[PDB]
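One protein chain, two forms: both are listed below as structure tokens, the first as structure 1 and the second as structure 2.
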Structure 1
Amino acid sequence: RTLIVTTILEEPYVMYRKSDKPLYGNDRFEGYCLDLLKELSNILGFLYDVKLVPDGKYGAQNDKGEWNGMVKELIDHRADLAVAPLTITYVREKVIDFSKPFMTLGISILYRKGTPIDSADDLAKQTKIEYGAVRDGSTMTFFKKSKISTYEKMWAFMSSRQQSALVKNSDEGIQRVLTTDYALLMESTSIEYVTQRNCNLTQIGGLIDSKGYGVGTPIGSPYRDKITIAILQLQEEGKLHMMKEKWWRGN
């Protein structure tokens, strides 16, 4: 069985290689997730074929309980594995299985260096410095659903200054940080990626929530536990660390 692997274009996890060389199949891609998949394929001994998810989505549910994205590919048995920056969540675990996480992360703060600011509590109580998140993204939703008083304050501040504090995407938010007095709340993984490439920018404080990216499989898949095993081996042998450094390290 050649395993069909669903994934999604997302830098630096999955990208088309910058080459016009005759590269076919899996060879057309590169990135953290491609390196992970090679390691998994060597530990477990499976052949695989990478297929980008046709609708370009991660996976969310509608009211009929209909799914889309990589999640739907697994539900329909069109893919055997999903290897992507795909968050392990309660709702998704209802319909697919996940390996244990190959990467842990959480919401954090992107801001300029040299400022007395040290946490979200420092941002919350003031207003001279604007702070927000990408509109309708995982980070905005966390704040909106939060019942922790300090994040409740941060939300009301975002949603009131709605038109200005909530950016359209990460690019815009990053632009806003460099060009004005603004702090972007985003996934720690993304922040590390930007800070490595922008010496004017830095991460503020620690992690605001916690979640992991895991390899998705259909419910009952005999590969899920094997992939957890392989992930633990890679972590313990320092290979996940080097794979992250390979793709994250900047100039």
Structure 2
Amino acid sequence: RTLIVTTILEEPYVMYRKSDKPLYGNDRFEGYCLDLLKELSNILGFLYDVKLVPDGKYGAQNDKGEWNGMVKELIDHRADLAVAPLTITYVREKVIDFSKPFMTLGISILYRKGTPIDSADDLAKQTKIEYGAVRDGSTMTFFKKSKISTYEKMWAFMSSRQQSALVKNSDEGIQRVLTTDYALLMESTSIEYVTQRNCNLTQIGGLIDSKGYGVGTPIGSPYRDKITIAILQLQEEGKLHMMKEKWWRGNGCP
């Protein structure tokens, strides 16, 4: 009846609220994922306790196949749900359950406006403009695993020189795009958020692939199917679209 929820700070999904005094408990947070959790809890009738994931990671596997991050929290039954922009992937689905997606997206490219670059193949065929992705995220894993020649070429480039083209987190990637001649391979929903707020950046090309974010649960959880039904309800009533517009829309671009 009180669910323990693992999450991670990531704009505009989960952010610290602004207050004149110190904040405690669920009141520390706002964002799209908090709104989602409120809606799910209303539909399904549960209380919840939001806990930042202690290692600050989403969930990836090492060499020994051991997991970290929110994925490992679910595997170890230290949380009932993970509510975050947690990409639904083949490797994660083998070890946890996800609801159906509450948002659909794809990898694309964040770069500057008004350049000759139109596609990933435009990046793949040159070496002057650097490009990469968040290290150990689902986008990086996409490239590492791809057998498409263009994407193999890109992976060879990203992984060269001790992964100097990769970044630790999205904000580092964004600053690298704004300052240097660098393109970031980034989930398209994050790109939309960014380009609403940085009028000199743009998405280049379309989506390279198609995937979703889902609510994570331990394998076998009874909540996964209940949360899926609740998500479908919210989408069909237009609520998920309204929640996206609320958190994404910026102050406009000239």
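The first residue in the sequence of structure 1 is number 1, and each one after it adds one. By rigid core we mean the largest C-alpha set that fits within 1.5 Å across both forms.
Superposing on the rigid core, is the CA of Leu52 displaced by 2 Å or more between structures 1 and 2?
No, shifts by less than 2 Å.
Any chance the CA of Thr104 moves 2 angstroms or more between structures 1 and 2, core superposed?
Superposed on the core, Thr104 moves its C-alpha less than 2 Å between structures 1 and 2.
Looking at the two forms, how many whole degrees does the smaller rigid part turn against the larger between structures 1 and 2?
Relative rotation between the rigid parts: 19 degrees.
So, with the core fitted, how far does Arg161 move at its Cα between structures 1 and 2, in angstrom?
With the rigid core fitted, the alpha carbon of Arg161 is displaced 11.1 Å between structures 1 and 2.
Core-aligned, what's the Cα displacement of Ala183 between structures 1 and 2 in Å?
Its C-alpha moves by 5.2 Å once the cores are overlaid.
Any chance you could measure the C-alpha shift of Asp225 between structures 1 and 2 with the core superposed, in Å?
The alpha-carbon displacement, core-superposed, is 0.4 Å.
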